[PDB]
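Mind having a look at this structure? Questions to follow.
A, B, C and D label the chains in the order they appear, each numbered from 1.
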Amino acid sequence: XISXXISXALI
Amino acid sequence: XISXXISXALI
Amino acid sequence: XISXXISXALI
Amino acid sequence: XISXXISXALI
């Protein structure tokens, strides 16, 4: 259904 | 900072 | 569908 | 100021 999310802290 | 998003319809 | 985001503060 | 945007359509 849904895939991904939120990042950019570390990488 | 923020990278990614939301997917899973077409793909 | 949607991927990327907002940056250029930290990196 | 800001960098990135919206992708994940063709790629």
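The definition used in the following text is that a contact is a pair of C-beta atoms (placed from the backbone, for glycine too) under 8 Å apart; a residue touches a chain by one contact, two chains touch by 3 or more.
Q: Contact counts by the stated rule: is the higher one at C-D or A-C?
A: So, comparing the two chain pairs, more contacts are at C-D.
Q: Compare the contact pairs of A-B with those of each option in A-C, B-D or C-D, and report the one where over half match by residue number.
A: Having compared contact pairs by residue number, the answer is C-D.
Q: Round to the nearest whole Å and give the separation of the Cα centres of chain A and chain C.
A: For chain A versus chain C, the centre distance works out to 11 Å.
Q: Compute the distance, rounded to whole Å, between the mean C-alpha positions of chain C and chain D.
A: Comparing mean C-alpha positions, chain D is 7 Å from chain C.
Q: Would you mind listing the residues of chain B that make contact with two or more other chains?
A: Within chain B, the residues that touch at least two other chains are 1-8.
Q: In the complex formed with chain A, which residues of chain B make contact?
A: The contact residues of chain B facing chain A are 1-8.
Q: Under the stated contact criterion, what part of chain B meets chain D in this complex?
A: Its residues touching chain D are 3, 5, 7.
Q: If you look only at chain D, which of its residues touch chain B in the complex?
A: Contact set of chain D toward chain B: 4, 6, 8.
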